Amino acid sequence: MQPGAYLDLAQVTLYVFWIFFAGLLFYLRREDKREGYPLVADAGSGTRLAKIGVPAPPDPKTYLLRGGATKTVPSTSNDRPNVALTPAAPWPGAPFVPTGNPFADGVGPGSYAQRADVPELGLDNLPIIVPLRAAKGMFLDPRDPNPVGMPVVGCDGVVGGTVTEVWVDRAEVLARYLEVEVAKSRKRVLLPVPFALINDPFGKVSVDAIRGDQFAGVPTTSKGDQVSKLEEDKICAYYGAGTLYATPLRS
Amino acid sequence: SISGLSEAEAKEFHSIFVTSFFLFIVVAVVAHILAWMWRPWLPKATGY
Amino acid sequence: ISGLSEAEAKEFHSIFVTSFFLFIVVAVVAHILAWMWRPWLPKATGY
Amino acid sequence: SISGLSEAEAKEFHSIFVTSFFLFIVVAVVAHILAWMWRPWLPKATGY
Amino acid sequence: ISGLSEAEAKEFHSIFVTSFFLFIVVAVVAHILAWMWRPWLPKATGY
Amino acid sequence: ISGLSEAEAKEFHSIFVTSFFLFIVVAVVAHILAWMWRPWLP
Amino acid sequence: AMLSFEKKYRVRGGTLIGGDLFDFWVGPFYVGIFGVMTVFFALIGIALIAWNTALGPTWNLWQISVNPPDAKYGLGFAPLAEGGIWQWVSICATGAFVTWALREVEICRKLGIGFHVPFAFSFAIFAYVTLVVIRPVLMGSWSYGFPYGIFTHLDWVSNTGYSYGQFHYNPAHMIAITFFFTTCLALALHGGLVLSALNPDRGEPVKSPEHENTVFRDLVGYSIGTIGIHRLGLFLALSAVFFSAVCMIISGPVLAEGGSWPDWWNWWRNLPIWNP
Amino acid sequence: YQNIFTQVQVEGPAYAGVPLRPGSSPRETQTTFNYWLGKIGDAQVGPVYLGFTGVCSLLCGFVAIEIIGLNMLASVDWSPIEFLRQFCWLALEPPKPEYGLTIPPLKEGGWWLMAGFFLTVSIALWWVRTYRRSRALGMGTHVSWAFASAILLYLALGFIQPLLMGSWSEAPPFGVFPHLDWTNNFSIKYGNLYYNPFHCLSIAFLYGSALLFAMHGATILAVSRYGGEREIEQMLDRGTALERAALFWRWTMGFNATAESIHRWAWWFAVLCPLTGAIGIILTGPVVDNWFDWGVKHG
Amino acid sequence: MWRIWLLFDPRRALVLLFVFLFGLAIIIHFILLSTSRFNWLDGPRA
Amino acid sequence: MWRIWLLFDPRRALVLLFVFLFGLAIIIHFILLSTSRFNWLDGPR
Amino acid sequence: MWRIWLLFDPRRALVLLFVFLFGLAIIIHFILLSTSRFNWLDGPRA
Amino acid sequence: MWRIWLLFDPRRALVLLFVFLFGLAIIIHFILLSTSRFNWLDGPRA
Amino acid sequence: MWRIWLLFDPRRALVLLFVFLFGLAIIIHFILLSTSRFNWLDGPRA
Amino acid sequence: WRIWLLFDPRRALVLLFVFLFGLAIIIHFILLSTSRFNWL
Amino acid sequence: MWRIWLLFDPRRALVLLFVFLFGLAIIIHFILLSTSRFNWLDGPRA
Ligand code: BCL
Ligand code: BCL
Ligand SMILES: CC[C@H]1c2cc3[nH]c4c(c3C)C(=O)[C@H](C(=O)OC)c4c3nc(cc4[nH]c(cc(n2)[C@@H]1C)c(C(C)=O)c4C)[C@@H](C)[C@@H]3CCC(=O)OC/C=C(\C)CCC[C@@H](C)CCC[C@@H](C)CCCC(C)C
Ligand SMILES: CC(C)C/C=C/[C@H](C)C/C=C/[C@@H](C)CCC[C@H](C)CCCC[C@@H](C)CCC[C@H](C)CCC[C@@H](C)CCCC(C)(C)O
Ligand SMILES: CCCCCCCCCCCCO[C@@H]1O[C@H](CO)[C@@H](O[C@H]2O[C@H](CO)[C@@H](O)[C@H](O)[C@H]2O)[C@H](O)[C@H]1O
Ligand SMILES: CCCCCCCCCCCCO[C@@H]1O[C@H](CO)[C@@H](O[C@H]2O[C@H](CO)[C@@H](O)[C@H](O)[C@H]2O)[C@H](O)[C@H]1O
Ligand SMILES: [Fe+3]
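Residues numbered from 1 in each chain as written, not as in the entry; some residues may be left out. Chains lettered and ligands numbered in written order. Part of a larger assembly, values for the part shown. Heavy atoms only, no water.

**Quick word on the interface of chain L and chain A**
Piece 1. Of the residues lining the interface, 10 residues belong to chain L; the matching set on chain A comes to 5 residues.
Piece 2. When the buried surface of chain L facing chain A is broken down by residue, L:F30, L:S34 and L:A46 rank first, second and third, together holding 60% of it.
Piece 3. For the interface between chain L and chain A, the tally reads 0 salt bridges.
Piece 4. At the junction of chain L with chain A, the criterion picks out 1 residue pair in polar contact. (Contact = heavy atoms within 4.5 Å. Buried area = accessible area lost by both parts, 1.4 Å probe. Salt bridge = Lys/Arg side-chain N within 4 Å of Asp/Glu carboxyl O. Polar contact = N/O pair within 3.5 Å; in protein donor to acceptor, adjacent residues only side chain to side chain.)

**Some words on the coordination of the iron ion (ligand 7)**
Piece 1. Coordination of the iron ion (ligand 7) by the protein is provided by G:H190 (NE2), G:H230 (NE2), H:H216 (NE2), H:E231 (OE), H:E231 (OE) and H:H263 (NE2), with metal-donor distances spanning 2.0 to 2.3 Å.
Piece 2. What the 6 donor atoms of the iron ion (ligand 7) show is an angle range of 65 to 176° at the metal, which sorts the shape as irregular. You can see G:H190 sitting in helix α5 (residues 171-198) and its partner H:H263 sitting in helix α10 (residues 261-283), one on each of two chains. Residue G:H190 shares its accessibility class with H:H263, and that shared class is buried. (Donors = N, O, S within 2.8 Å, 3.2 Å for Na, K, Ca; no water. Tetrahedral: all angles 85-135°; square planar, octahedral: opposite > 155°, others 65-115°. Helix = DSSP H or I, 4+ residues; strand = E, 2+ residues; numbered from the N terminus. Buried < 20%, exposed > 50% of the residue type's maximum accessible area, 1.4 Å probe, protein only.)

**Digging into the site of ligand 3**
Piece 1. In the vicinity of ligand 3 there are 21 residues, among which G:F181, H:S122, H:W126, H:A270 and H:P274 approach most closely.
Piece 2. More than one chain lines the surroundings of ligand 3; the residues nearby belong to chains G and H.
Piece 3. Here H:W126 contributes a side-chain N or O atom positioned 2.8 Å from an oxygen atom of ligand 3.
Piece 4. Contact with the protein chains removes 58% of the 1,200 Å² of surface that ligand 3 exposes when unbound. (Near = heavy atom within 4 Å. Areas by Shrake-Rupley, 256 points an atom, 1.4 Å probe, with all protein chains shown as cover.)

**Some remarks on the side chain of G:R231**
Piece 1. Tracing the backbone through its elements, the reader meets G:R231 in helix α7 (residues 225-250).
Piece 2. Comment: no salt bridge for buried G:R231; closest opposite-charge side chain is H:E229, at 7.1 Å.
Piece 3. Those residues in contact with G:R231 that sit more than four places away from it in its chain are H:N3, H:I4, H:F5, H:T6, H:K39, H:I40, H:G41 and H:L221. (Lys, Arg positive; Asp, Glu negative; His and termini not counted.)

**Quick look at the coordination of the magnesium atom of ligand 2**
Piece 1. Protein coordination of the magnesium atom of ligand 2 is limited to a single donor, H:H199 (NE2), which sits 2.7 Å from the metal.
Piece 2. Position of H:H199 among the secondary structure elements: in helix α7 (residues 197-222).

**Quick look at the interface of chain H and chain G**
Piece 1. Chain H puts 94 residues into the contact, and the matching count from chain G is 91 residues.
Piece 2. Buried area between chain H and chain G, summed over both chains or domains, comes out near 8,400 Å², and the portion from carbon and sulfur atoms is 68%.
Piece 3. Seen at the junction of chain H and chain G, the total is 2 salt bridges.
Piece 4. Across the salt bridge formed by H:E243 and G:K8, the nearest N and O atoms sit 3.7 Å from each other.
Piece 5. Counting every contact that joins chain H to chain G gives 34 residue pairs in polar contact.
Piece 6. For the side of chain H that touches chain G, the leading source of residues is α7(H), giving 14 residues.
Piece 7. Grouping the amino acids of the side of chain H that touches chain G by side-chain chemistry returns 49 nonpolar, 27 polar and 18 charged. (Nonpolar A, V, L, I, M, F, W, Y, C, P; charged D, E, K, R; others polar.)

**Comments concerning the packing of aromatic side chains**
For any two aromatic rings, the description comes down to two numbers: the centre-to-centre distance and the angle of the planes.
Piece 1. For the structure shown, the criterion picks out 84 aromatic pairs over all chains.
Piece 2. Seen in terms of ring centroids, G:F77 and N:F29 are 4.7 Å apart; in terms of plane orientation they differ by 35°. Their pairing is tilted. Of the two residues, G:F77 is situated in the loop between α1 (32-55) and α2 (84-111) and N:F29 in helix α1 (residues 14-33); the pairing between them involves two chains.
Piece 3. Since its relative accessible area comes to 25%, G:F77 is described here as partly exposed.
Piece 4. Here the aromatic residues A:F17, A:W18, A:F20, A:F21, H:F198, H:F205, H:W265, H:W267, H:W268 and H:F269 are joined through ring pairs into a cluster of three or more.
Piece 5. Sitting above the plane of the H:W89 ring, G:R269 keeps its charged end 4.1 Å from the centroid. (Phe/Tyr/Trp six-rings, centres within 6.5 Å; stacked < 30°, edge-to-face > 60°. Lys NZ or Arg CZ within 6 Å of the ring centre and 35° of its normal.)

**Let's talk about the UniProt feature "transmembrane region" (unreviewed entry) in chain A**
Piece 1. UniProt tags residues 12-28 of chain A as "transmembrane region" (unreviewed entry).
Piece 2. Between the end C-alpha atoms of residues 12-28 of chain A there is a gap of 24 Å, over a span that is 100% helix and 0% strand. (UniProt positions renumbered as here; feature names shortened; annotations may be inferred.)

**Some thoughts on helix α9 (residues 240-253) of chain H**
Piece 1. Helix length check: α9(H), at 14 residues, gives a terminal C-alpha distance of 20 Å against a target of 20 Å (1.5 Å per residue), a fit within 8%.
Piece 2. Counting buried positions along α9(H) yields 13 of 14 residues, so the element is predominantly enclosed. (Expected span 1.5 Å × (residues − 1).)

**As for the packing of α7(G) against α7(H)**
Working note: a packed helix pair is described by the angle between its axes plus the distance between those axes.
Piece 1. At their nearest, the axes of α7(G) and α7(H) sit 8 Å apart, and the two run at 135° to each other. The orientation of α7(G) with respect to α7(H), classified from their angle, is oblique. As α7(G) packs across α7(H), the resulting crossing turns out to be left-handed. Packed against α7(G), whose contacting residues are G:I227, G:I229, G:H230, G:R231, G:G233, G:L234 and G:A237, the element α7(H) presents H:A210, H:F213, H:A214, H:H216, H:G217, H:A218, H:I220 and H:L221 at the interface.
Piece 2. Grouping the amino acids of the contact of α7(G) with α7(H) by side-chain chemistry returns 10 nonpolar, 4 polar and 1 charged. (Axes fitted to C-alpha atoms, helices over the stretch in contact; angles between N-to-C directions. Parallel < 35°, antiparallel > 145°, perpendicular 65-115°, else oblique. Left-handed = near helix turned anticlockwise from the far one by under 90°.)

**Focus: the site of ligand 5**
Piece 1. In the vicinity of ligand 5, the contacting residues are G:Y73, G:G74, G:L75, G:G76, G:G140, N:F21, N:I25, N:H28, N:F29 and N:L32.
Piece 2. More than one chain approaches ligand 5, the contributing ones being chains G and N.
Piece 3. Taking G:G140, its main chain carries an N or O atom lying 3.0 Å from an oxygen atom of ligand 5.
Piece 4. Of the residues contributing to the shell around ligand 5, the split by class is 6 nonpolar, 4 polar and no charged.

**Comments concerning the domain arrangement of chain A**
All names here are of chain A.
Piece 1. Each assigned domain of chain A is listed with its residue range as follows: domain 1 (1-114) and domain 2 (115-251).
Piece 2. Placing the centre of domain 1 and that of domain 2 at their C-alpha centroids yields a distance of 33 Å.
Piece 3. Residue-level contacts link 13 residues of domain 1 with 20 residues of domain 2.
Piece 4. Across the domain 1 to domain 2 interface the summed buried area is about 1,200 Å²; carbon plus sulfur atoms make up 64%.
Piece 5. Together, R66, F103 and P109 form the three largest contributors to the area buried by domain 1 at its contact with domain 2, with a combined 55%.
Piece 6. Our count for the domain 1 to domain 2 interface comes out at 0 salt bridges.
Piece 7. Taken together, the links from domain 1 to domain 2 amount to 4 residue pairs in polar contact. (Domains from an automatic or database assignment.)

**Looking at the pairing of strand β1 (residues 61-64) of chain A**
All names here are of chain A.
Piece 1. Across the two faces of β1 the burial differs, with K61 and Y63 buried and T62 and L64 not buried at all.
Piece 2. Across 4 bridges, the pairing between β1 and strand β2 (residues 70-73) is antiparallel. Bridge pairing in β2 places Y63 opposite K71.
Piece 3. Where β1 folds back onto β2 in an antiparallel hairpin, the turn is made up of 5 residues, including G68, whose phi is positive at roughly 65°. (Pairing = 2+ DSSP bridges.)

**A closer look at the pattern of salt bridges**
Side-chain pairs of opposite charge can arise where the charged atoms are in close proximity.
Piece 1. Inspection of every chain in the model, using the stated rule, returns 42 salt bridges over all chains.
Piece 2. The residue A:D32 makes a salt bridge to A:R29 at a minimum N-O spacing of 3.7 Å.
Piece 3. Bridged by salt links that share partners, the residues A:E35, A:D79, G:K8, H:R238 and H:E243 form one connected network.

**Concerning the nonpolar core**
Piece 1. Counting 138 residues, the largest nonpolar core has A:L191 and A:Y239 as its most contacted members.
Piece 2. With sequence-adjacent residues up to four places away left out, A:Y239 is seen in contact with A:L190, A:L191, A:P192, A:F195, A:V207, A:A209, A:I210, A:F215 and A:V218. (Core = buried A, V, L, I, M, F, W, Y, C linked by side-chain atoms within 4.5 Å.)

**Re helix α3 (residues 229-245) of chain A**
All names here are of chain A.
Piece 1. Its 17 residues place the ends of α3 24 Å apart at the C-alpha level, agreeing with the 24 Å of an ideal helix rising 1.5 Å per residue.
Piece 2. Taken across its 17 residues, α3 has 14 buried, putting it largely inside the fold.
Piece 3. Of the residues flanking the end of α3, it is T247, one or two places downstream, whose phi is positive at about 35°.

**Some thoughts on the domain arrangement of chain G**
Residue and element names in this part refer to chain G.
Piece 1. Its domain assignment divides chain G into domain 1 (1-163) and domain 2 (164-265).
Piece 2. Between the C-alpha centres of domain 1 and domain 2 the distance comes to 26 Å.
Piece 3. Of the residues lining the interface, 17 residues belong to domain 1; the matching set on domain 2 comes to 17 residues.
Piece 4. Of the roughly 1,400 Å² buried between domain 1 and domain 2 on both sides combined, carbon and sulfur atoms contribute 74%.
Piece 5. Connecting domain 1 to domain 2 are 0 salt bridges.
Piece 6. Where domain 1 touches domain 2, the interface holds 7 residue pairs in polar contact.
Piece 7. Among the elements of the structure, α3 (116-139) and α4 (152-162) are those that each provide at least two residues to the side of domain 1 that touches domain 2.
Piece 8. Among the elements that line the side of domain 1 that touches domain 2, the one with the most residues is α3, at 11 residues.
Piece 9. For the side of domain 1 that touches domain 2, the class distribution of residues is 12 nonpolar, 4 polar and 1 charged.

Below you can see the structure in the form of structure tokens.
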């Protein structure tokens with residue numbers, strides 16, 4: 001408005017921004033709802049109509065993949081809705097208790113998603129997470145310690161097995177998994193690098209999440225030189241379960 | 001099928017709810033009468 | 001059918017209309033009292 | 001039920017709850033009587 | 001496409017036009033009252 | 001948060017505390033020599 | 001209610017205190033003992049702010065201000081109507097921030113993930129504590145804390161900066177600003193890169209981390225990778241806040257209050273290399 | 001253990017990168033590996049594709065830098081000693097107010113005008129380079145439009161607000177401490193920039209970008225043990241890592257993002273910082289000349 | 001007109017309407033209370 | 001003209017139209033309230 | 001009108017009503033304490 | 001000219017056209033409101 | 001009224017009620033202590 | 001004892017202790033706020 | 001032999017030595033050139 005009026009260009013511009021920014025917050029909070037919806041109503045709630053929220057989730061979004069394939073999010077098949085859990089109390093918001101073995105059930109810190117049972121193909125249509133025996137041209141850079149040979153030990157000090165091979169990510173040169181020959185059953189299981197202290201404290205590599213024998217129960221990969229996304233979640237979830245459910249009597 | 005309850009549960013809850021709401025409103029009305037006795041509001045356009 | 005049935009929609013709408021009308025009439029009484037207290041809409045010179 | 005209390009246990013808890021609430025209210029009432037005897041509130045429009 | 005059949009479309013559109021028209025009528029009455037209270041659009045010399 | 005084990009933490013902490021103690025003892029001998037030069041309490 | 005995938009994780013255990021008394025959710029929010037304590041502190045603080053405003057002249061949201069005590073009270077407790085409300089709002093705020101970080105720790109334990117988020121929040125907590133506790137204590141009176149007001153703490157920032165000549169010449173402050181501007185740059189770069197790979201040009205498939213590495217190379221010169229970028233971002237933000245805290249600690253406790261930051265730099269101009 | 005550093009670093013061949021569309025030239029072939037870069041991130045230091053727009057951008061930018069440096073050397077009588085002594089205090093100052101928007105004498109703002117012209121051309125060429133490097137790999141152009149916001153703030157500071165004020169003298173100098181002093185005197189001359197609302201908004205979005213990138217980096221490092229750093233794959237095929245991240249934030253504050261929408265949040269906060277900044281600068285002087293008076297008029 | 005409930009969830013629409021009505025009511029009340037004429041607590045001098 | 005509802009989801013269109021209408025009404029009311037001639041609360045002064 | 005509890009969970013509705021009523025009561029009390037005429041603690045100069 | 005809708009999808013075209021037209025109308029109205037001669041609310045001489 | 005315990009678990013409801021009541025008591029005590037008339041520790045400002 | 005069918009004391013005791021300690025601290029700080037009861 | 005070369009590749013532990021020696025010689029020449037007595041270009045001031 002005019003030079004003497006109470007309304008002026010600066011505050012009009014500010015209100016234009018406030019409108020734009022409310023719209024943008026709505027749009028962002030709407031984009032946030034592309035996974036995990038509709039909501040699962042808890043105890044004492046009517047389940048006839050869906051719970052979504054005030055920005056309703058948008059229509060499913062369709063991504064195009066390289067080999068002409070197509071993925072529509074939300075990834076509802078990844079949810080694993082029904083698992084081995086029972087409510088610790090009848091009221092809403094009560095936590096759940098694992099009915100069985102949380103390492104095998106995949107519940108709590110040990111939960112995983114029902115990912116596709118196929119490896120990541122990267123760019124040349126080949127698995128990117130492979131054993132070093134299968135990725136020729138790469139090497140452990142002896143500037144750092146070499147994990148292979150070191151026998152891996154549990155959290156309760158029991159040796160679990162021996163490190164046999166280092167699994168690496170191609171095109172992102174990085175060690176992701178250590179292959180472990182289990183103690184005395186002739187079986188190889190993967191161990192995620194972040195779940196291991198590969199420093200040679202004394203002579204070996206130490207994992208404090210699970211104890212020494214539990215290395216027998218780590219979910220094994222079906223192939224030998226490639227690991228699928230499903231097995232990746234299963235392995236990292238088996239190791240994450242120990243953060244709450246193992247505590248290997250180290251008291 | 002409805003959003004949670006049955007007409008029996010709804011009517012029972014509504015009976016208790018209306019009773020509690022009425023007594024809450026009655027207490028509020030007594031409070032406002034006492035407040036007005038202490039200090040009336042709504043002055044004339046000139047003041048109190 | 002974005003959730004409801006025809007009958008539920010009609011029942012909800014009847015209750016919605018009657019309670020919206022009660023809200024309107026209570027607000028009309030409120031505004032009549034407010035105007036009795038202090039009228040708005042002054043003349044171009046003031047009150 | 002939602003809380004998981006049988007109506008027997010709900011009634012049992014409610015008895016003790018109202019007993020405690022009423023003891024709390026009685027103590028609060030004598031406290032307010034004492035406070036008023038020390039400093040009355042609610043002044044006149046001109047002040048105390 | 002909005003996933004709406006042309007029967008649904010015509011139904012929604014008829015109700016929408018009716019509602020829009022009632023809204024316009026109410027707004028017109030409001031502006032007539034507002035003009036009776038305070039006319040805008042002064043002359044080039046002011047009101 | 002910094003990738004480092006409790007063994008390294010404990011040993012580095014032992015080193016840190018002995019270094020701190022040696023620093024402080026040299027500090028106090030420097031203070032007493034300075035007092036030999038200037039008593040700063042009249 | 002729960003997200004469509006959440007039920008797996010809503011397990012019992014992982015708390016620090018209280019056992020299963022507070023181990024539950026209220027809608028989306030996990031409660032824990034520290035959630036109750038955080039809401040308690042936040043609500044006592046907001047109610048004290050509201051009361052301080054009721055004692056004040058205005059309810060205007062921009063002009064609301066809880067002012068620290070007068071300098072005459074030094075580092076002691078001031079009467080409630082003469083600065084004590086500021087001290088109590090400060091205690092409630094530090095309590096709220098600490099119990100919020102602790103509730104985040106409990107959630108981290110329950111989900112089985114690292115404690116990077118509470119650790120990073122501790123840096124903002126430390127900057128706030130520097131501003132309202134450490135610096136006024138080092139300077140000897142609570143009057144050096146900033147007033148809790150949307151536009152009066154801006155006046156406090158202005159007066160504090162101008163009391164040292166021009167605060168731009170504060171060296172730790174220059175480092176902190178460099179870190180903040182680099183954090184904003186890196187956030188834009190990272191967000192745009194991931195959005196470019198996920199939402200490509202028309203007719204194109206969703207791109208891979210290799211394309212991200214390639215374009216990051218062509219822009220910044222080298223590549224840090226998917227974990228390097230998040231590490232660098234955490235480090236940049238945390239060092240920005242840490243050097244802001246250092247900046248504030250060195251101005252008033254170290255450089256005198258009426259000092260000059262522009263003049264402090266003359267030590268370089270006066271080196272014997274070029275001085276005479 | 002936490003993922004602040006890489007325990008074991010593997011090393012292999014140098015990656016040439018994704019092949020480009022038939023619209024570019026053969027890129028460089030440096031492709032060297034630095035150990036500390038791989039310690040904190042990846043280790044490869046190439047190959048930097050430098051095409052037409054990149055080379056002309058560097059040429060114009062170094063023309064501007066040469067002009068600025070030669071003016072700072074001339075302003076000190078060509079003494080390298082006095083150049084090292086006074087460096088942070090030297091600047092190519094903007095034109096004098098008496099010249100308005102004309103081309104002033106070289107020693108009274110002509111050199112400043114030429115350096116600003118060439119720096120703007122360099123920056124626009126670098127923006128075009130970012131656009132082409134994204135769309136030559138088939139990617140979106142989100143990075144380019146984030147860069148355009150910084151460019152808009154820079155243009156408002158040096159070009160648009162001086163235009164609307166009718167004088168090149170309004171613009172910053174080319175010097176470290178002198179441009180800090182310009183910032184200070186700009187706040188002082190136009191009231192108090194704390195009462196510029198778009199300045200408040202720009203500060204809100206800068207603080208929020210720092211907050212958001214701390215939150216996001218900490219979140220990805222916390223779930224990196226579950227493969228959380230592979231954000232594209234976790235969005236295309238949701239794993240337990242992004243589920244745990246979403247659940248952390250939903251249990252903490254009641255709402256969460258996805259693996260993609262968190263980066264929309266990031267992009268938009270970082271972009272809105274200089275956008276609101278540019279608006280608040282364009283308003284400062286042509287529209288509002290005293291911001292404290294405006295704030296008093298409102299609150 | 002009743003057909004609008006075949007589109008919008010009545011619970012969500014109704015809580016939205018209640019939030020909006022309460023917000024509008026407190027906003028109008030605060031506006032009146034900020035004026036001098038229609039302030040009903042302190043009175044006309046404001 | 002009914003074909004517009006084949007283009008746009010009537011739910012999203014209707015919510016957006018209502019948000020727009022309410023925002024525009026609020027803006028016009030506040031503009032009038034900021035003027036001196038059309039301020040109906042305190043009046044011309 | 002009992003039909004409202006066929007729409008809304010009466011438990012969540014009860015908790016929401018409690019929170020809203022308490023917030024409103026606190027707001028009104030603080031408004032009165034901020035005025036001069038209705039401040040009942042110190043009195044008519046505020 | 002109808003072939004233009006083989007290049008741009010009518011949905012995006014229409015929403016961008018609407019936001020552009022509304023922005024232009026708002027801008028022009030405020031430009032007029034800022035003048036003295038064409039201010040229809042408070043009128044000239046200001 | 002006993003039916004309220006079929007809705008809410010008594011342990012958590014009781015603890016939350018206690019926290020609420022303690023916070024309300026703390027706030028009312030602070031408010032009294034901030035005034036001059038009801039400062040039972042120092043008395044009026046005089 | 002009836003309260004002990006709820007609130008098993010193996011955890012409903014340290015909470016009571018920290019609550020009592022916090023309340024004592026609050027009252028001491030409130031006293032230090034005043035001049036008549038500032039014993040320092 | 002000296003194995004500081006084994007810890008420090010002469011390909012880099014000799015170019016850094018040279019950049020440091022150059023910096024030092026520059027600094028000393030600057031110091032002398034800033035003095036009035038040891039200036040050999042416009043040598044003695046006053
Ligand atoms: C000139 C000023 C006059 C006045 C003139 C008018 C006029 C005119 C009107 C009113 C109306 C109202 N007045 Mg009055 N009124 C005055 C003074 C008061 C005072 C006071 C303390 O002085 C109060 C408390 C009120 C209160 C009221 C309400 C009863 C009513 C508002 C409608 C409404 O509630 O919509 C809200 C309706 C809802 C359904 C909202 C429900 C909220 C639900 C439960 C969920 C909300 C969730 C919430 C966001 C959660 C957070 C809560 C926070 C913690 C607070 N008036 C003064 C004296 N008043 C209006 C009326 O009577 O309408 C019928 C009306 O037209
Ligand atoms: C006394 C000083 C004033 C003040 C005066 C100003 C002025 C003037 C401005 C700001 C601006 C800002 N202020 Mg301030 N500001 C003050 C106090 C603060 C405080 C505080 C805690 O008190 C904070 C946090 C801030 C923070 C901010 C930012 C939010 C904002 C800068 C946005 C940005 O990211 O620019 C970073 C981005 C750029 C600077 C542009 C990008 C540059 C281009 C794109 C890159 C080119 C590089 C080039 C090619 C390299 C070679 C070049 C040659 C070597 C030359 N100010 C006080 C009140 N402030 C700016 C703003 O936008 O506000 C409205 C601004 O103009
Ligand atoms: C979202 C807003 C933030 C932002 C975003 C942003 N900046 C960007 C981008 C984006 C998205 C790019 O894509 C582009 C880029 O290439 O990034 C790697 C860029 C860029 N932002 C840059 C700088 C920069 N950004 C800044 C700020 C910001 N950038 C905002 C805070 C600042 C500040 C705060 O002052 C600076 C100095 C460059 C690194 C680059 C644009 C490069 C360019 O235009 O080159 C032109 C060529 C020349 C001038 C020739 C000489 C080149 C050298 C002088 C480069 C030196 C770079 C740097 C070390 C300079 C630092 C300052 C100097 C004075 C020391
Ligand atoms: C016909 C006309 C009208 C068209 C032109 C119109 C144009 C569009 C004008 C636009 C100009 C605007 C946009 C510019 C905006 C200014 C910027 C905001 C500057 C702010 C910050 C600048 C400093 C922080 C950086 C200064 C550089 C550095 C300090 C010195 C480097 C030089 C030396 C070291 C090089 C060593 C080299 C030696 C000499 C050895 O060889
Ligand atoms: C069971 C719980 C029991 C809780 C018991 C409470 C213990 C006492 C709490 C500590 C309170 C000290 O309170 C405060 O302390 C500071 C710190 O030295 C004193 O000392 C301060 O004095 C002056 C101002 O007074 C400052 O300028 C000076 O720099 C500082 O030494 C203050 O004068 C005193 O008011
Ligand atoms: C690249 C960014 C976008 C392109 C540029 C954006 C702006 C394009 C339009 C610019 C229009 C010219 O804008 C107009 O400039 C002239 C002179 O330059 C100013 O005219 C006046 O400015 C000030 C007013 O005190 C004085 O210096 C002088 O009286 C006169 O020059 C106008 O106030 C401004 O409105
Ligand atoms: Fe990311």
